[PDB]
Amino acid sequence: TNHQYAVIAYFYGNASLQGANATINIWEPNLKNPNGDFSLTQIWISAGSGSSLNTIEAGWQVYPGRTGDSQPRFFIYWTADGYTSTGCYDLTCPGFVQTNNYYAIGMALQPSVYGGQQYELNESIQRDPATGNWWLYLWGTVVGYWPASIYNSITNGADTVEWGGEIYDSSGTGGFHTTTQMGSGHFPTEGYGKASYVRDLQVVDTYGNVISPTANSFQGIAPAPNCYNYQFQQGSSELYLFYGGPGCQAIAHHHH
């Protein structure tokens, strides 16, 4: 694959989670190859596996080939068969039902300032137990829902939630030698105001309580750690996932 990640994953014993939150620091990462590159930060809420993988996805993405510019834009995605034949971005296919247009799916977002003003995308996803519909709220305002009727394995709840950053490297370096940025383009050790974060790492358990997992409850993923990485910063108030990085320069020079 030509995707790279700095992602954490929360796995539950069964598909009974009832929702999750994500409050995602907004940035405008730079793409080295805008013809096909993209960079994003999102939540993935899933059940099943293989061709029965169902996902619920919301975040921000810089993807010029899809959106027509390099601004961070709010996006959604879903699939009901592990990305084989079903699912699509935003409202480009029948799927998500938007009930409130106060916020536009695809809207450009305000990017944070290095060492300055920070902006957050707060999204809350909540399963309605009477229907199986999954409702989306942004900054506390309803947008709409993913209907249970498009799904097969996530209608009763989810078994996995993932948060963090992703880049797609269209130049074929495997995401290992591209200066396409993830998050703010800065490594997590730079911390608040300089490296991007996800907070409100919360799930809704089977008993309906809101639970903020501790850091040891997460499986981390960073397959190109010299290029993009994550670091937990567990404060007293809440757990922070700091994530991203500048990418790696094409500095290799090997010869026999």
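One-based numbering along the sequence shown.
When 52 to 60 is weighed against 186 to 194, 186 to 194 comes out higher, by mean CA B-factor as recorded in the entry. Averaged over CA atoms, B-factors in the entry run higher in 227 to 235 than in the other of 64 to 72 and 227 to 235. Of the candidates 77, 114, 163, 135, the deposited coordinates give 114 the top C-alpha B factor. Ranked by Cα temperature factor within the chain, residue 221 sits in the highest third according to the deposited record.
When the modelled residues of the chain are ordered by their C-alpha B factor, residue 13 lands in the highest third. Residue 125 sits in the lowest third of its chain by CA B factor, as recorded in the PDB entry. Per the PDB record, residue ranking by Cα B-factor puts residue 206 in the highest third of the chain. Split the chain's modelled residues into thirds by C-alpha temperature factor. Residue 107 is in the middle one.
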